[PDB]
file run16.cif (mmCIF, C-alpha atoms and all ligand atoms)
data_model
loop_
_atom_site.group_PDB
_atom_site.id
_atom_site.type_symbol
_atom_site.label_atom_id
_atom_site.label_comp_id
_atom_site.auth_asym_id
_atom_site.auth_seq_id
_atom_site.Cartn_x
_atom_site.Cartn_y
_atom_site.Cartn_z
ATOM 1 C CA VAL A 1 0.000 0.000 0.000
ATOM 2 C CA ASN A 2 1.205 3.601 -0.723
ATOM 3 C CA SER A 3 0.044 7.277 -0.179
ATOM 4 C CA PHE A 4 -1.012 8.049 -3.795
ATOM 5 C CA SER A 5 -4.766 8.918 -3.974
ATOM 6 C CA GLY A 6 -7.368 9.439 -6.754
ATOM 7 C CA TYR A 7 -5.364 7.731 -9.540
ATOM 8 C CA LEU A 8 -7.004 5.737 -12.355
ATOM 9 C CA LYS A 9 -5.234 2.378 -12.837
ATOM 10 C CA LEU A 10 -4.161 1.870 -16.481
ATOM 11 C CA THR A 11 -2.116 -1.316 -16.087
ATOM 12 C CA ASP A 12 -0.576 -3.563 -13.432
ATOM 13 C CA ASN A 13 2.045 -0.843 -12.735
ATOM 14 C CA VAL A 14 0.945 2.472 -14.310
ATOM 15 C CA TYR A 15 -1.520 4.908 -12.727
ATOM 16 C CA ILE A 16 -2.660 8.359 -13.936
ATOM 17 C CA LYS A 17 -4.300 11.445 -12.395
ATOM 18 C CA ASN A 18 -5.214 15.016 -13.460
ATOM 19 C CA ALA A 19 -2.945 16.889 -11.088
ATOM 20 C CA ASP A 20 -0.283 19.549 -10.727
ATOM 21 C CA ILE A 21 2.886 17.492 -10.078
ATOM 22 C CA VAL A 22 4.154 20.261 -7.775
ATOM 23 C CA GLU A 23 0.981 20.075 -5.591
ATOM 24 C CA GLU A 24 1.054 16.269 -5.738
ATOM 25 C CA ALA A 25 4.711 16.114 -4.643
ATOM 26 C CA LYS A 26 4.057 18.577 -1.782
ATOM 27 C CA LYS A 27 1.140 16.360 -0.548
ATOM 28 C CA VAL A 28 2.697 12.860 -0.986
ATOM 29 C CA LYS A 29 6.450 13.578 -0.416
ATOM 30 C CA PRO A 30 7.239 10.602 -2.656
ATOM 31 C CA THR A 31 10.610 8.848 -2.504
ATOM 32 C CA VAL A 32 11.145 9.934 -6.166
ATOM 33 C CA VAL A 33 9.676 12.780 -8.218
ATOM 34 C CA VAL A 34 10.731 12.848 -11.874
ATOM 35 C CA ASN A 35 11.712 16.136 -13.492
ATOM 36 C CA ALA A 36 11.307 16.783 -17.244
ATOM 37 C CA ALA A 37 14.897 17.954 -17.472
ATOM 38 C CA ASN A 38 17.132 19.122 -20.312
ATOM 39 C CA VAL A 39 20.792 18.125 -20.669
ATOM 40 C CA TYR A 40 21.994 21.403 -19.040
ATOM 41 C CA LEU A 41 19.575 21.045 -16.069
ATOM 42 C CA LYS A 42 18.351 24.573 -16.863
ATOM 43 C CA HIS A 43 14.938 24.506 -15.191
ATOM 44 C CA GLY A 44 13.327 27.461 -16.988
ATOM 45 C CA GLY A 45 9.899 26.514 -17.981
ATOM 46 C CA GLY A 46 7.494 23.654 -18.047
ATOM 47 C CA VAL A 47 7.528 20.909 -15.397
ATOM 48 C CA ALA A 48 11.119 21.783 -14.620
ATOM 49 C CA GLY A 49 10.478 25.485 -14.157
ATOM 50 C CA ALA A 50 7.483 24.712 -11.916
ATOM 51 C CA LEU A 51 9.371 22.160 -9.768
ATOM 52 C CA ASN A 52 12.360 24.484 -9.444
ATOM 53 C CA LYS A 53 10.153 27.474 -8.484
ATOM 54 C CA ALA A 54 8.533 25.306 -5.756
ATOM 55 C CA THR A 55 12.071 24.683 -4.305
ATOM 56 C CA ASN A 56 12.755 28.470 -4.199
ATOM 57 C CA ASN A 57 15.524 27.892 -6.837
ATOM 58 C CA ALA A 58 17.424 25.382 -4.633
ATOM 59 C CA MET A 59 16.963 22.750 -7.389
ATOM 60 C CA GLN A 60 18.717 25.099 -9.871
ATOM 61 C CA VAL A 61 21.568 25.866 -7.452
ATOM 62 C CA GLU A 62 22.182 22.150 -6.877
ATOM 63 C CA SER A 63 21.883 21.455 -10.623
ATOM 64 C CA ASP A 64 24.413 24.130 -11.551
ATOM 65 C CA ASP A 65 26.978 22.522 -9.234
ATOM 66 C CA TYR A 66 26.160 19.065 -10.761
ATOM 67 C CA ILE A 67 26.793 20.367 -14.294
ATOM 68 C CA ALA A 68 29.949 22.243 -13.313
ATOM 69 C CA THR A 69 31.353 18.923 -11.956
ATOM 70 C CA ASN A 70 29.962 16.358 -14.435
ATOM 71 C CA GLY A 71 29.025 18.207 -17.615
ATOM 72 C CA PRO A 72 25.711 17.819 -19.430
ATOM 73 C CA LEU A 73 23.458 14.763 -19.363
ATOM 74 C CA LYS A 74 22.741 12.718 -22.498
ATOM 75 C CA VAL A 75 19.350 12.914 -24.223
ATOM 76 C CA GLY A 76 17.653 9.759 -22.857
ATOM 77 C CA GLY A 77 19.767 9.923 -19.686
ATOM 78 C CA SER A 78 19.189 10.930 -16.091
ATOM 79 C CA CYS A 79 20.732 11.812 -12.759
ATOM 80 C CA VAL A 80 19.500 11.539 -9.193
ATOM 81 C CA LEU A 81 19.649 14.734 -7.106
ATOM 82 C CA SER A 82 17.890 15.996 -4.032
ATOM 83 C CA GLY A 83 14.105 16.264 -3.959
ATOM 84 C CA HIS A 84 14.390 19.318 -1.706
ATOM 85 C CA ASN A 85 10.985 20.108 -0.136
ATOM 86 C CA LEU A 86 9.119 18.015 -2.727
ATOM 87 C CA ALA A 87 10.433 14.441 -2.425
ATOM 88 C CA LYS A 88 13.366 12.485 -1.034
ATOM 89 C CA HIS A 89 15.018 12.427 -4.466
ATOM 90 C CA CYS A 90 14.470 14.051 -7.854
ATOM 91 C CA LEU A 91 15.218 11.878 -10.867
ATOM 92 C CA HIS A 92 16.066 14.379 -13.618
ATOM 93 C CA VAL A 93 15.256 12.590 -16.898
ATOM 94 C CA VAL A 94 15.957 14.035 -20.341
ATOM 95 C CA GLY A 95 13.393 13.062 -22.919
ATOM 96 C CA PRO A 96 13.962 14.138 -26.519
ATOM 97 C CA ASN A 97 12.772 17.657 -27.315
ATOM 98 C CA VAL A 98 10.977 17.553 -30.701
ATOM 99 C CA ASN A 99 11.260 21.418 -30.841
ATOM 100 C CA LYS A 100 15.129 20.831 -30.983
ATOM 101 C CA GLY A 101 14.813 17.975 -33.600
ATOM 102 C CA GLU A 102 15.874 15.094 -31.220
ATOM 103 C CA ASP A 103 15.203 11.407 -32.095
ATOM 104 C CA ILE A 104 11.794 10.375 -30.630
ATOM 105 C CA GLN A 105 13.209 6.759 -30.386
ATOM 106 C CA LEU A 106 15.201 8.187 -27.427
ATOM 107 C CA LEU A 107 11.917 8.401 -25.508
ATOM 108 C CA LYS A 108 12.089 4.683 -24.689
ATOM 109 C CA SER A 109 15.678 5.102 -23.374
ATOM 110 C CA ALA A 110 14.443 8.028 -21.229
ATOM 111 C CA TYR A 111 11.660 5.931 -19.663
ATOM 112 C CA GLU A 112 14.084 3.052 -18.974
ATOM 113 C CA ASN A 113 15.612 5.245 -16.229
ATOM 114 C CA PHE A 114 12.370 4.838 -14.251
ATOM 115 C CA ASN A 115 13.066 1.086 -13.891
ATOM 116 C CA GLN A 116 15.891 1.883 -11.423
ATOM 117 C CA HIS A 117 13.264 3.091 -8.885
ATOM 118 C CA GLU A 118 10.516 0.958 -7.331
ATOM 119 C CA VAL A 119 7.930 3.801 -7.155
ATOM 120 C CA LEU A 120 7.905 7.234 -8.855
ATOM 121 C CA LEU A 121 5.703 10.294 -9.275
ATOM 122 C CA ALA A 122 6.300 11.521 -12.837
ATOM 123 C CA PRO A 123 5.098 13.623 -15.762
ATOM 124 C CA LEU A 124 4.747 12.251 -19.260
ATOM 125 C CA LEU A 125 8.232 12.535 -20.766
ATOM 126 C CA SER A 126 8.699 14.694 -23.851
ATOM 127 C CA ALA A 127 5.119 16.072 -23.500
ATOM 128 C CA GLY A 128 4.222 19.725 -23.048
ATOM 129 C CA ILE A 129 6.911 22.136 -24.262
ATOM 130 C CA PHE A 130 9.130 19.175 -25.345
ATOM 131 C CA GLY A 131 6.773 18.820 -28.327
ATOM 132 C CA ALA A 132 5.990 15.075 -28.458
ATOM 133 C CA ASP A 133 2.500 13.597 -28.712
ATOM 134 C CA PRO A 134 1.431 12.819 -25.107
ATOM 135 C CA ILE A 135 -0.614 9.805 -26.314
ATOM 136 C CA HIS A 136 2.603 8.350 -27.719
ATOM 137 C CA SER A 137 4.489 9.205 -24.510
ATOM 138 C CA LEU A 138 1.909 7.305 -22.436
ATOM 139 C CA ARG A 139 2.152 4.267 -24.755
ATOM 140 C CA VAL A 140 5.980 4.233 -24.474
ATOM 141 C CA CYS A 141 5.674 4.603 -20.685
ATOM 142 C CA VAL A 142 3.312 1.619 -20.374
ATOM 143 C CA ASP A 143 5.438 -0.502 -22.690
ATOM 144 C CA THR A 144 8.792 0.425 -21.049
ATOM 145 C CA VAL A 145 8.373 1.074 -17.314
ATOM 146 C CA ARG A 146 7.970 -2.051 -15.157
ATOM 147 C CA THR A 147 8.171 -0.285 -11.772
ATOM 148 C CA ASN A 148 5.203 1.506 -10.253
ATOM 149 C CA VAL A 149 4.658 4.893 -11.831
ATOM 150 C CA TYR A 150 2.091 7.499 -10.842
ATOM 151 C CA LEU A 151 1.645 9.945 -13.724
ATOM 152 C CA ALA A 152 0.620 13.608 -13.308
ATOM 153 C CA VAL A 153 -1.098 15.211 -16.372
ATOM 154 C CA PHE A 154 -1.409 19.018 -15.960
ATOM 155 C CA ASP A 155 -4.258 19.636 -18.412
ATOM 156 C CA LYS A 156 -7.715 18.249 -17.626
ATOM 157 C CA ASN A 157 -8.578 18.194 -21.302
ATOM 158 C CA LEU A 158 -5.442 16.148 -22.085
ATOM 159 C CA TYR A 159 -5.987 13.849 -19.094
ATOM 160 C CA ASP A 160 -9.488 12.970 -20.389
ATOM 161 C CA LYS A 161 -8.139 12.365 -23.893
ATOM 162 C CA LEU A 162 -5.275 10.116 -22.574
ATOM 163 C CA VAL A 163 -7.768 7.984 -20.593
ATOM 164 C CA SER A 164 -10.446 7.822 -23.337
ATOM 165 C CA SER A 165 -7.910 6.820 -26.044
ATOM 166 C CA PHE A 166 -5.890 4.323 -23.905
ATOM 167 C CA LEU A 167 -5.647 0.837 -25.391
HETATM 168 O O1 LIG B 201 2.932 19.183 -17.093
HETATM 169 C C1 LIG B 201 3.300 20.217 -17.656
HETATM 170 O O2 LIG B 201 3.543 20.217 -18.903
HETATM 171 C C2 LIG B 201 3.426 21.484 -16.818
HETATM 172 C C3 LIG B 201 4.067 22.565 -17.401
HETATM 173 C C4 LIG B 201 4.219 23.740 -16.725
HETATM 174 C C5 LIG B 201 3.709 23.877 -15.446
HETATM 175 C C6 LIG B 201 3.085 22.805 -14.812
HETATM 176 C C7 LIG B 201 2.948 21.559 -15.507
HETATM 177 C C8 LIG B 201 2.680 23.282 -13.466
HETATM 178 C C9 LIG B 201 2.760 24.767 -13.573
HETATM 179 O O3 LIG B 201 3.731 25.055 -14.591
#

call {"tool": "encode", "arguments": {"input": "run16.cif", "output": "structure tokens", "more": "lines below"}}
Ligand SMILES: O=C(O)c1ccc2c(c1)CCO2
result
Amino acid sequence: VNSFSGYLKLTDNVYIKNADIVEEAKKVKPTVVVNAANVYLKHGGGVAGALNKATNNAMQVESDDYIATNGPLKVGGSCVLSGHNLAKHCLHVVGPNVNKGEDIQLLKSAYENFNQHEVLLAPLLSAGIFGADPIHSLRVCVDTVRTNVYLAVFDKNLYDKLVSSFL
């Protein structure tokens, strides 16, 4: 049994809810929240900008030190950093950004990072300002992630479409 509430069950291991991932993280304090990161961990807008704002910029400060030491992530890659006031840990995962021309096949590699964590609160990778089709992102998630994932879809309209169209 876990703390996650109000989710629709899609599969054995994937659950979905219309929710602000920031508000959900603040309520649950999950072991792992996933960030929709870029390779530079520049948390400007989208899920990343919202998570970082909720940490009062401490996520960005920590991320800048990580990059100064390690250099940029790979598209499809990840790193584990603090969850600050939102979670124990933040798994920063880089999905391909279609608005930069990145290979959508890297979306499966991105989701494979989730399998290193038993339970996660996450957004749909490469959705929103990363430009991918969220229906496709949900299909890749279900077909890739084997650990227990609780997905947070910001838009109510999109949430309803993801559920209605789910095979
Ligand atoms: O899920 C998203 O795409 C998303 C993007 C931006 C944003 C949020 C979610 C919360 C407030 O700011």

call {"tool": "residues_near_ligand", "arguments": {"input": "run16.cif", "ligand": "ligand LIG 201 (chain B)", "cutoff": "6 Å", "atoms": "only C-alpha atoms and all ligand atoms", "output": "JSON, numbers by chain"}}
result
{"A": [20, 46, 47, 50, 128, 153, 154]}

call {"tool": "residues_around", "arguments": {"input": "run16.cif", "residues": "residue A:151", "least_positions_apart": "2", "cutoff": "7 Å", "atoms": "only C-alpha atoms", "output": "count of residues only"}}
result
9

call {"tool": "resolve_selection", "arguments": {"input": "run16.cif", "expression": "the PyMOL selection byres (((chain A and resi 81-94) around 10) and not hetatm)", "output": "ChimeraX atom specification"}}
result
/A:21-41,48,51-52,54-56,58-59,62-63,66,73-80,95-97,106-107,109-114,117,120-122,125-126,130

call {"tool": "closest_residue", "arguments": {"input": "run16.cif", "among": "A:163, A:145, A:98, A:19", "to": "residue A:118", "atoms": "all atoms listed in the file"}}
result
A:145

call {"tool": "atom_distance", "arguments": {"input": "run16.cif", "atom1": "atom CA of residue A:148", "atom2": "atom CA of residue A:14"}}
result
6.0 Å

call {"tool": "atom_distance", "arguments": {"input": "run16.cif", "atom1": "atom CA of residue A:140", "atom2": "atom CA of residue A:72"}}
result
24.5 Å

call {"tool": "atom_distance", "arguments": {"input": "run16.cif", "atom1": "atom CA of residue A:7", "atom2": "atom CA of residue A:60"}}
result
29.7 Å

call {"tool": "closest_residue", "arguments": {"input": "run16.cif", "among": "A:9, A:53, A:136, A:42", "to": "residue A:65", "atoms": "only C-alpha atoms"}}
result
A:42

call {"tool": "resolve_selection", "arguments": {"input": "run16.cif", "expression": "the PyMOL selection byres (((chain A and resi 2) around 10) and not hetatm)", "output": "PyMOL selection string"}}
result
chain A and resi 1+3-5+28+30+119

call {"tool": "write_last_selection", "arguments": {"input": "run16.cif", "atoms": "C-alpha atoms", "output": "JSON list (two decimals), in the coordinates of the input"}}
result
[["chain", "number", "residue", "atom", "x", "y", "z"],
["A", 1, "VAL", "CA", 0.00, 0.00, 0.00],
["A", 3, "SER", "CA", 0.04, 7.28, -0.18],
["A", 4, "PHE", "CA", -1.01, 8.05, -3.80],
["A", 5, "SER", "CA", -4.77, 8.92, -3.97],
["A", 28, "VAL", "CA", 2.70, 12.86, -0.99],
["A", 30, "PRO", "CA", 7.24, 10.60, -2.66],
["A", 119, "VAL", "CA", 7.93, 3.80, -7.16]]

call {"tool": "axis_aligned_box", "arguments": {"input": "run16.cif", "around": "stretch 145-148 of chain A", "padding_each_side": "4 Å", "output": "JSON"}}
result
{"center_x": 6.8, "center_y": -0.3, "center_z": -13.8, "size_x": 11.2, "size_y": 11.6, "size_z": 15.1}
